[PDB]
Protein chains: 2
Amino acid sequence: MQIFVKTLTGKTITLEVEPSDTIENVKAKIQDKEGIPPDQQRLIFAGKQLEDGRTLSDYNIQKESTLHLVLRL
Amino acid sequence: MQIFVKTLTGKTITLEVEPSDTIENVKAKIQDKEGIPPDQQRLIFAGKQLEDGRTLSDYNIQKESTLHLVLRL
């Protein structure tokens with residue numbers, strides 16, 4: 001399924017993911033696509049800070065859901 | 001299908017597109033036709049700022065629809 005990751009800059013990037021993907025998997029995919037280290041990534045869906053060991057299905061992330069990416073040092 | 005892209009200068013350019021084209025696809029076509037880098041392009045349809053990962057069908061873009069192109073640095 002495709003999901004959208006939207007940055008505070010307004011840029012959106014598309015990722016092809018599985019419901020069984022974890023948040024770690026998604027950060028590693030953002031690392032591969034955009035070069036952002038996972039430790040510098042904060043992901044948010046539907047008002048929740050996404051925690052590492054849980055899956056997209058756990059958070060009810062679905063086709064063309066938009067997640068928010070906030071960068072942090 | 002043909003769509004029209006109208007600039008603030010009044011110039012209109014014609015693009016042959018598919019409903020499955022994404023906004024990224026359209027900006028790459030404008031890049032090819034007019035040499036404008038995709039990062040300098042802002043596309044607007046029917047009052048909405050067009051976001052990258054979505055398709056023309058998503059936005060109800062249709063035959064001979066007019067989009068608006070605003071350039072940005």
# chains A, B, ... in the order shown; residues from 1 in each chain; ligands from 1
$ residues_around --residues "residue 69 (chain A)" --least-positions-apart "6" --cutoff "10 Å" --atoms "only C-alpha atoms" --output "PDB file with C-alpha atoms, in the first residue's frame"
ATOM      1  CA  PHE A   4       2.350   9.717   2.290  1.00  0.00           C
ATOM      2  CA  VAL A   5       4.884  11.334   4.611  1.00  0.00           C
ATOM      3  CA  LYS A   6       4.459  15.109   4.864  1.00  0.00           C
ATOM      4  CA  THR A   7       7.183  17.403   6.227  1.00  0.00           C
ATOM      5  CA  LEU A   8       6.762  20.739   8.002  1.00  0.00           C
ATOM      6  CA  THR A   9       8.138  22.214   4.767  1.00  0.00           C
ATOM      7  CA  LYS A  11       6.942  18.389   0.890  1.00  0.00           C
ATOM      8  CA  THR A  12       5.276  14.978   0.684  1.00  0.00           C
ATOM      9  CA  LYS A  27      12.365   5.297   9.163  1.00  0.00           C
ATOM     10  CA  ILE A  30      12.998   7.378   4.699  1.00  0.00           C
ATOM     11  CA  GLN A  40      16.652  12.410  13.492  1.00  0.00           C
ATOM     12  CA  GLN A  41      13.120  11.365  12.486  1.00  0.00           C
ATOM     13  CA  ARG A  42       9.896  11.855  14.435  1.00  0.00           C
ATOM     14  CA  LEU A  43       6.818  10.294  12.849  1.00  0.00           C
ATOM     15  CA  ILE A  44       3.251  11.250  13.784  1.00  0.00           C
ATOM     16  CA  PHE A  45      -0.028   9.684  12.674  1.00  0.00           C
TER      17      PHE A  45
END
$ select_by_dssp --residues "region 28-71 of chain A" --states "alpha helix (DSSP H)" --output "PDB file with N, CA, C and O atoms, in the first residue's frame"
ATOM      1  N   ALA A  28      13.803   3.539   8.247  1.00  0.00           N
ATOM      2  CA  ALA A  28      14.881   3.063   7.386  1.00  0.00           C
ATOM      3  C   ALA A  28      14.584   3.329   5.909  1.00  0.00           C
ATOM      4  O   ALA A  28      15.510   3.597   5.134  1.00  0.00           O
ATOM      5  N   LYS A  29      13.307   3.268   5.508  1.00  0.00           N
ATOM      6  CA  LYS A  29      12.925   3.607   4.139  1.00  0.00           C
ATOM      7  C   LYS A  29      13.095   5.101   3.875  1.00  0.00           C
ATOM      8  O   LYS A  29      13.528   5.498   2.786  1.00  0.00           O
ATOM      9  N   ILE A  30      12.772   5.945   4.860  1.00  0.00           N
ATOM     10  CA  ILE A  30      12.998   7.378   4.699  1.00  0.00           C
ATOM     11  C   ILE A  30      14.488   7.667   4.647  1.00  0.00           C
ATOM     12  O   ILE A  30      14.950   8.518   3.876  1.00  0.00           O
ATOM     13  N   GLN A  31      15.265   6.953   5.458  1.00  0.00           N
ATOM     14  CA  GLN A  31      16.712   7.050   5.366  1.00  0.00           C
ATOM     15  C   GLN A  31      17.185   6.726   3.952  1.00  0.00           C
ATOM     16  O   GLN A  31      17.953   7.485   3.353  1.00  0.00           O
ATOM     17  N   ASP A  32      16.728   5.606   3.396  1.00  0.00           N
ATOM     18  CA  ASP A  32      17.167   5.243   2.056  1.00  0.00           C
ATOM     19  C   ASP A  32      16.751   6.289   1.029  1.00  0.00           C
ATOM     20  O   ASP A  32      17.553   6.677   0.172  1.00  0.00           O
ATOM     21  N   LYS A  33      15.505   6.752   1.090  1.00  0.00           N
ATOM     22  CA  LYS A  33      15.012   7.694   0.090  1.00  0.00           C
ATOM     23  C   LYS A  33      15.658   9.068   0.247  1.00  0.00           C
ATOM     24  O   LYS A  33      16.161   9.649  -0.722  1.00  0.00           O
ATOM     25  N   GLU A  34      15.671   9.604   1.461  1.00  0.00           N
ATOM     26  CA  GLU A  34      16.021  11.000   1.653  1.00  0.00           C
ATOM     27  C   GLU A  34      17.303  11.219   2.438  1.00  0.00           C
ATOM     28  O   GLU A  34      17.686  12.375   2.647  1.00  0.00           O
TER      29      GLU A  34
END
$ interface_residues --of "chain B" --to "chain A" --cutoff "9 Å" --atoms "only C-alpha atoms" --output "number ranges by chain"
B: 51-54
$ write_last_selection --atoms "N, CA, C and O atoms" --output "compact mmCIF listing (two decimals), in the first residue's frame"
# COMPACT_ATOMS: atom_id res chain seq x y z
N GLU B 51 -0.52 18.44 -4.33
CA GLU B 51 0.54 17.78 -3.58
C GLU B 51 1.14 16.64 -4.38
O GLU B 51 0.45 15.98 -5.17
N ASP B 52 2.42 16.39 -4.14
CA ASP B 52 3.23 15.59 -5.05
C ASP B 52 2.64 14.21 -5.31
O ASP B 52 2.34 13.85 -6.46
N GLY B 53 2.46 13.41 -4.26
CA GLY B 53 2.17 11.99 -4.48
C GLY B 53 0.79 11.64 -5.02
O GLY B 53 0.54 10.46 -5.29
N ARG B 54 -0.10 12.61 -5.17
CA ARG B 54 -1.46 12.35 -5.63
C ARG B 54 -1.55 12.43 -7.15
O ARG B 54 -0.66 12.98 -7.81
